Ligand SMILES: NC(=O)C1=CN([C@@H]2O[C@H](COP(=O)(O)OP(=O)(O)OC[C@H]3O[C@@H](n4cnc5c(N)ncnc54)[C@H](O)[C@@H]3O)[C@@H](O)[C@H]2O)C=CC1
Ligand SMILES: NC(=O)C1=CN([C@@H]2O[C@H](COP(=O)(O)OP(=O)(O)OC[C@H]3O[C@@H](n4cnc5c(N)ncnc54)[C@H](O)[C@@H]3O)[C@@H](O)[C@H]2O)C=CC1
Ligand SMILES: NC(=O)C1=CN([C@@H]2O[C@H](COP(=O)(O)OP(=O)(O)OC[C@H]3O[C@@H](n4cnc5c(N)ncnc54)[C@H](O)[C@@H]3O)[C@@H](O)[C@H]2O)C=CC1
Ligand SMILES: NC(=O)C1=CN([C@@H]2O[C@H](COP(=O)(O)OP(=O)(O)OC[C@H]3O[C@@H](n4cnc5c(N)ncnc54)[C@H](O)[C@@H]3O)[C@@H](O)[C@H]2O)C=CC1
Ligand SMILES: Cc1c(CN(C)C(=O)CCc2cnc3c(c2)CCC(=O)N3)oc2ccccc12
Ligand SMILES: Cc1c(CN(C)C(=O)CCc2cnc3c(c2)CCC(=O)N3)oc2ccccc12
Ligand SMILES: Cc1c(CN(C)C(=O)CCc2cnc3c(c2)CCC(=O)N3)oc2ccccc12
Ligand SMILES: Cc1c(CN(C)C(=O)CCc2cnc3c(c2)CCC(=O)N3)oc2ccccc12
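Chains as they are written, first to last, in the numbering used here: chain A, 1 to 295; chain B, 1 to 295; chain C, 1 to 295; chain D, 1 to 295.
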């Protein structure tokens with residue numbers, strides 16, 4: 001037999017806000033492979049996510065092939081915009097969603113993980129935001145652009161920089177990107193193109209640095225369109241899904257567990273020679289040199 | 001549990017000549033996954049390969065995790081330079097090692113597979129040759145350049161074209177490449193650069209064509225240096241292995257099974273959304289923008 | 001003033017069949033810059049081209065900005081499929097177009113150029129053919145695929161290898177490619193995708209080899225769609241032209257002289273630091289991540 | 001004759017602090033082509049630069065081919081970190097070098113140019129900085145990374161956003177980048193890899209956006225190493241220069257005017273079909289697949 005075996009491994013997944021995104025899909029497949037799952041959930045939705053899970057609202061999505069339910073060892077409120085408490089502005093501190101929580105900056109979450117688990121094996125980054133995604137880049141503000149980069153790109157560096165010293169041998173990371181990183185996709189606004197370009201560039205540089213510092217592998221998955229929370233909010237994700245079905249080598253729609261399976265493989269000992277890679281899991285759409293009108 | 005399960009599937013691997021190349025490594029991992037293995041072996045070395053196998057010469061390399069030995073259901077003498085018997089030059093017809101054999105063109109091998117097995121599930125292409133690899137491309141002859149393309153590139157198209165109509169649902173292909181395809185590597189001569197460029201370009205085109213025609217997936221793996229038969233003949237493979245260790249994000253040398261494990265994943269149902277991809281399994285050397293002296 | 005000054009430089013342009021392709025456009029712009037123009041014209045259309053030129057049929061297309069006419073110092077019948085007369089099948093020798101002519105192999109043309117002009121300064125490759133472009137790659141024959149490679153890609157190596165020894169200091173080359181080389185474009189069949197992938201790969205390799213051997217620069221231009229002879233012959237070039245207008249950052253249709261202007265700059269002393277480059281002259285269509293429908 | 005004709009065209013160059021950088025080289029070549037030259041100079045070094053200029057310290061680097069001296073029509077104090085006065089932080093406002101100057105935010109500078117000149121034709125972005133360039137990406141702070149993106153990447157968007165509406169027909173932009181944007185170069189620290197990745201991604205997106213909005217073309221040049229102000233502070237620029245000479249297809253060192261000549265071509269009417277392009281002007285180093293250490 002050939003197993004993707006993650007038994008006893010501890011994965012931290014940053015960016016699970018419901019059962020509809022890639023983060024959930026990755027969690028599910030890492031669990032199928034035997035991993036222990038810790039979750040970073042964004043502060044302003046932490047209460048609702050954690051409550052919905054306890055109230056059984058996600059149970060249809062928790063079914064594992066062994067009959068058991070997907071279970072998280074711990075869920076940490078987190079805002080990966082902030083490395084230390086000093087970084088948090090008064091506007092955030094006085095926000096009612098934040099004021100009733102504590103220990104949610106990156107350095108703080110990592111210290112808690114260290115206290116309770118000692119080490120991690122797998123770091124998964126499945127988070128992105130721009131406050132101005134609906135704006136053309138020409139019309140995107142400086143603060144908006146830098147916010148897109150801070151949340152969507154630097155957040156990875158912060159997570160790896162802080163978790164790195166407590167990663168075990170054979171540890172690796174996963175982040176998620178989209179092809180608009182280095183090809184023009186009108187509609188992907190608010191500096192999100194730059195944030196993904198940065199994320200992909202950093203994947204390569206970090207593969208070398210983390211590789212030489214800790215022996216850690218660093219890979220990114222470029223996914224096709226999915227009607228997640230983020231996806232649905234853009235306003236036309238359904239048009240993108242349909243377009244990809246007409247465009248791609250294969251017509252099947254994305255499912256979060258497809259990206260999850262690729263992530264499981266990449267963080268497993270079966271991928272020890274794979275690092276710095278951008279792996280396309282988009283039914284081959286990215287290889288096309290023309291749109292479906294000229295087929 | 002998460003398994004890469006190929007039990008009941010038939011893989012045809014074109015290009016196993018001994019236990020020291022990537023083809024053997026791929027066979028071993030597909031077998032670990034449960035796949036039944038058919039092999040195409042170059043005519044002039046078919047007798048020695050088959051005989052050595054039966055003598056137990058490769059037994060140390062044959063051991064599997066379950067305690068079984070790697071076994072081939074059938075080994076076919078084959079020369080992928082030829083599609084039909086009408087293609088074979090008189091000199092080859094008169095050659096000692098060809099003249100007392102028959103049915104070694106691509107069409108003939110596929111017809112024998114179809115008769116005895118009906119269908120295949122996985123096609124692996126692990127074969128390359130240029131008669132002029134030591135020569136700078138500037139000094140490579142038309143005959144040499146086209147022979148490199150014929151053997152190393154077109155052979156994949158012939159194998160997929162002939163096998164495609166008998167591939168089952170969920171079928172996929174793997175071929176092997178090297179980064180000199182689209183970056184200049186002095187010493188990768190005799191048109192091998194062009195043969196690899198063509199193979200990767202063909203990978204994308206065939207992913208669309210085979211995807212739409214048969215639902216077949218088509219992927220390529222770009223590997224790090226290995227001291228195979230072909231690798232040792234170039235004359236400086238050990239220096240290349242050493243260079244990659246100094247250069248890459250991770251220092252581990254290539255092992256055939258690392259590419260085998262990648263192949264096994266790519267052909268499994270876990271990778272249904274992956275097609276047209278070039279997957280680097282080279283310890284990240286390919287992502288570097290400068291060599292080791294400037295680190 | 002800043003001039004692209006090719007005064008006294010001798011350019012050999014392989015692939016001018018009439019006034020409608022990129023070869024002619026390149027010739028006009030090199031002529032504007034002051035270059036002497038030598039032409040290689042495909043054997044089967046050599047007489048036709050020469051006779052049309054003599055009857056004044058292209059005179060409207062010959063007007064240079066200085067009031068003079070685009071003038072060719074010599075037009076050579078050529079077939080770049082053949083390096084030496086020994087390579088020509090008797091079947092070709094007996095064809096009427098070839099029987100009426102002589103000295104059209106690559107070696108023979110270069111020998112005539114050396115005899116009467118001594119050296120050249122610029123080599124332009126503006127030729128391609130596949131006998132099976134209407135066929136899916138899956139359905140393309142070995143003979144067809146290799147013929148595309150021989151005519152469209154090896155021909156460049158042959159011309160550079162033969163002309164290189166008689167190139168003056170500061171010499172450079174230009175070839176023409178299309179984005180289907182490394183992205184999948186259904187309809188670009190007959191192995192043309194592989195031929196352009198090979199052409200682009202060889203550009204990089206030859207930049208290094210010819211740069212080190214003769215100080216020669218080697219560049220390629222990836223152009224937008226044009227209704228040339230070859231263009232029109234695909235049967236749907238007009239739809240490709242219209243598609244590009246809806247798709248690209250800029251809407252203007254290709255003109256042969258746009259590519260010609262890029263060629264003129266790249267072969268001028270102003271581009272001494274540019275080599276191995278693939279320069280897109282396609283109104284930016286190649287940078288798009290989706291087609292028109294999702295704008 | 002074939003002229004790169006910029007007669008009467010108004011060019012604004014962001015990032016000239018002395019005569020040793022790419023900005024100066026670009027100015028000189030645009031001036032050779034006939035352009036009027038406006039310069040944006042970083043506030044802290046605006047006085048030293050303008051005083052050095054009129055003192056005649058740069059007269060040796062000002063000589064043009066027509067026998068005239070390079071002349072800046074207007075030199076504007078500028079800090080491209082700031083879009084409007086509202087953006088300026090307290091420490092900067094009270095700083096010795098800013099506190100007496102006024103109108104140095106991007107919006108204010110564009111307004112001055114609009115009053116003075118009505119419109120512009122060419123925008124050159126030759127600026128970059130990270131306060132943490134010596135630091136591994138892993139050790140780079142959030143403030144440092146975002147500062148690198150703000151100064152090196154968003155600044156271009158701000159300049160184009162503000163300048164666009166007063167750009168004439170046929171207008172275009174140039175920026176400068178380095179290959180570390182999408183390939184790992186250890187030592188290009190402080191988030192500069194991400195800054196350049198963003199710059200290049202933005203080039204593609206803005207080519208579409210600016211192309212459709214104003215008909216403006218947008219291109220970037222990727223240069224080899226130069227001993228500039230920024231280049232020398234890095235601390236090993238001479239080693240990089242030597243490495244490139246050993247590595248590249250051609251051995252000549254970079255000269256600022258090489259990038260300048262490429263820039264003049266790209267902003268000229270001869271390049272009307274070129275947009276969104278990344279043009280390498282680095283003697284071909286970028287196309288290499290291995291380092292000099294082998295060969
Ligand atoms: N959904 C799609 O079509 C595609 C998404 N991707 C990438 O996949 C990743 C995951 O996105 P999805 O699963 O689609 O949506 P998602 O909305 O379910 O997940 C993104 C998460 O980021 C979290 N987040 C936002 N700001 C945060 C902060 N400051 N600190 C901590 N968490 C924050 C959100 O709570 C949200 O849960 C993203 O990187 C996205 O760019 C890639 C390709 C396609
Ligand atoms: N060895 C290395 O460093 C690397 C090899 N690759 C690629 O891996 C693939 C396998 O190569 P290796 O395992 O290294 O060497 P290998 O020598 O073990 O395999 C090449 C096979 O091709 C067969 N072959 C040659 N001409 C044939 C023909 N006309 N008809 C049928 N079979 C023919 C050979 O007999 C041999 O079995 C090749 O495509 C190679 O280009 C890629 C990367 C690195
Ligand atoms: N036309 C278009 O949309 C585009 C064309 N290209 C490339 O531009 C180049 C020139 O093509 P075009 O100007 O468009 O058409 P063209 O038909 O005018 O030029 C092709 C020439 O190749 C010559 N030729 C064919 N076989 C030859 C042989 N065995 N020996 C010597 N010459 C031979 C033909 O006589 C013909 O004149 C080609 O490489 C083409 O692939 C690239 C991009 C776009
Ligand atoms: N120098 C080299 O080896 C290479 C440089 N490049 C790129 O070339 C461009 C120009 O760099 P160089 O000519 O080498 O150095 P440079 O130091 O001469 O020019 C950079 C300019 O940016 C200005 N600047 C810095 N912060 C500014 C701000 N907040 N507002 C306005 N101006 C600011 C500086 O004063 C300086 O004049 C940069 O984008 C650089 O990344 C690219 C490749 C190679
Ligand atoms: C696919 C695809 C996506 C999904 N994708 C890859 C993404 O990365 C989505 C990221 C995202 C970042 N910030 C925000 C939102 C979504 C919506 C809500 C909001 O407040 N901010 O977006 C597109 C935009 C245009 C075209 C395709 C796509
Ligand atoms: C790695 C690497 C390889 C291995 N590799 C990726 C290859 O593709 C090897 C291919 C090959 C093709 N034809 C022949 C031979 C080897 C030797 C025996 C024969 O007669 N002809 O070759 C190099 C050449 C230069 C630099 C690196 C490498
Ligand atoms: C543009 C474009 C082209 C033009 N182009 C870039 C080409 O390279 C055309 C090449 C070509 C090579 N061989 C032949 C023909 C054309 C027609 C006549 C024949 O006998 N053989 O072809 C396409 C096919 C599909 C989509 C776009 C394009
Ligand atoms: C080339 C090359 C460069 C030049 N280059 C392309 C650059 O973009 C240099 C940019 C730069 C950015 N920030 C700062 C400085 C320079 C010096 C002073 C300071 O305060 N910060 O830098 C390298 C670093 C490592 C390896 C190669 C290179």
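For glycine and all other residues, C-beta sits at the position ideal for the given N, C-alpha and C.
Item, Value
"On the DSSP bridge assignment, give the partners of residue 279 of chain A in chain order.", "A/221"
"What is the C-beta distance between residue 306 of chain A and residue 281 of chain A, in whole angstroms, given that I count them as a contact (C-beta under 8 Å)?", "The displayed coordinates of chain A run from 1 to 295. Any statement about residue 306 of chain A would go beyond what the structure contains."
"Hey, could you find the ends of the alpha helix (DSSP H) residue 202 of chain D is sitting in?", "192 to 214"
"Can you look up residue 12 of chain C in the DSSP assignment and give me helix, strand or coil?", "strand"
"Interface residues of chain B around residue 179 of chain D at Cβ under 9 Å?", "289, 290"
"Measure the beta-carbon distance from residue 217 of chain C to residue 274 of chain C and round it to whole angstroms, keeping in mind my assumption that it falls under 8 Å.", "7 Å"
"Pop quiz: residue 198 of chain B and residue 153 of chain B are said to be a contact at Cβ under 8 Å. What is the actual Cβ separation, rounded to whole angstroms?", "4 Å"
"If we count the other Cβ atoms within 10 Å of its Cβ and call it buried at 16 or more, is residue 203 of chain D buried or exposed?", "buried"
"If you measure from the beta carbon of residue 241 of chain B to each beta carbon in chain D, is any gap under 8 Å?", "no"
"Determine whether the beta carbon atoms of residue 194 of chain D and residue 188 of chain D lie at a separation below 8 Å.", "no"
"Is the segment 106 to 116 of chain C touching the segment 119 to 135 of chain B in the sense that three or more CB pairs, one from each, lie closer than 8 Å?", "no"
"If you count every other CB in all the chains shown that lies within 10 Å of the CB of residue 83 of chain B, and 16 or more means buried, which is it?", "buried"
"What's the gap between the Cα of residue 101 of chain D and the Cα of residue 47 of chain D?", "10 Å"
"Please identify the residue among B/142, B/162, B/178, B/146 whose C-alpha is closest to the C-alpha of residue 162 of chain C.", "B/142"
"Just list the alpha helix (DSSP H) runs in the segment 21 to 50 of chain C, keeping only unbroken ones of 4 residues or longer that don't cross its boundaries, in chain order.", "22 to 32"
"Which partner residues of residue 125 of chain A appear in the DSSP bridge assignment?", "A/14, A/175"
"May I have the straight-line CA-CA distance separating residue 237 of chain A from residue 245 of chain A, to the nearest angstrom?", "12 Å"
"Just to check my reading of the structure: residue 36 of chain C and residue 73 of chain C have Cβ atoms closer than 8 Å, yes? What is that Cβ distance to the nearest angstrom?", "5 Å"
"Let me check one thing: in DSSP terms, what residues is residue 111 of chain B bridge-paired to?", "None, per the DSSP bridge assignment."
"Please report the straight-line C-alpha distance between residue 80 of chain D and residue 248 of chain D, rounded to a whole angstrom.", "34 Å"
"Any heavy atom of ligand 7 inside 7 Å of the beta-carbon of residue 188 of chain C?", "yes"
"Between which two residues does the beta strand (DSSP E) carrying residue 74 of chain D extend?", "72 to 78"
"Are there any heavy atoms of ligand 1 lying less than 7 Å away from the beta-carbon of residue 225 of chain A, as far as the coordinates show?", "yes"
"Quick one: what's residue 133 of chain D bridged to in DSSP?", "Paired residues: none, contrary to the question."
"What in chain A is Cβ-close to residue 294 of chain C, meaning under 9 Å?", "185, 186, 187, 236, 239, 240, 243, 291"
"In three-state terms, what does DSSP make of residue 273 of chain C?", "coil"
"Please list, in chain order, all residues of the same chain as residue 145 of chain C whose beta carbon is under 6 Å from its beta carbon, the five residues on each side excluded.", "191"
"Just checking: is the beta-carbon of residue 192 of chain C within a distance shorter than 8 Å of some beta-carbon in chain D?", "no"
"Taking C-beta to C-beta, are residue 5 of chain C and residue 272 of chain C nearer than 8 Å?", "no"
"Please list, in chain order, all residues of the same chain as residue 64 of chain D whose beta carbon is under 8 Å from its beta carbon, the five residues on each side excluded.", "28, 31, 32, 70"
"Is there at least one non-hydrogen atom of ligand 6 closer than 7 Å to the beta-carbon of residue 141 of chain A?", "no"
"When we look at the beta-carbon of residue 59 of chain D and count the other beta-carbons within 10 Å, is it buried (16 or more) or exposed?", "exposed"
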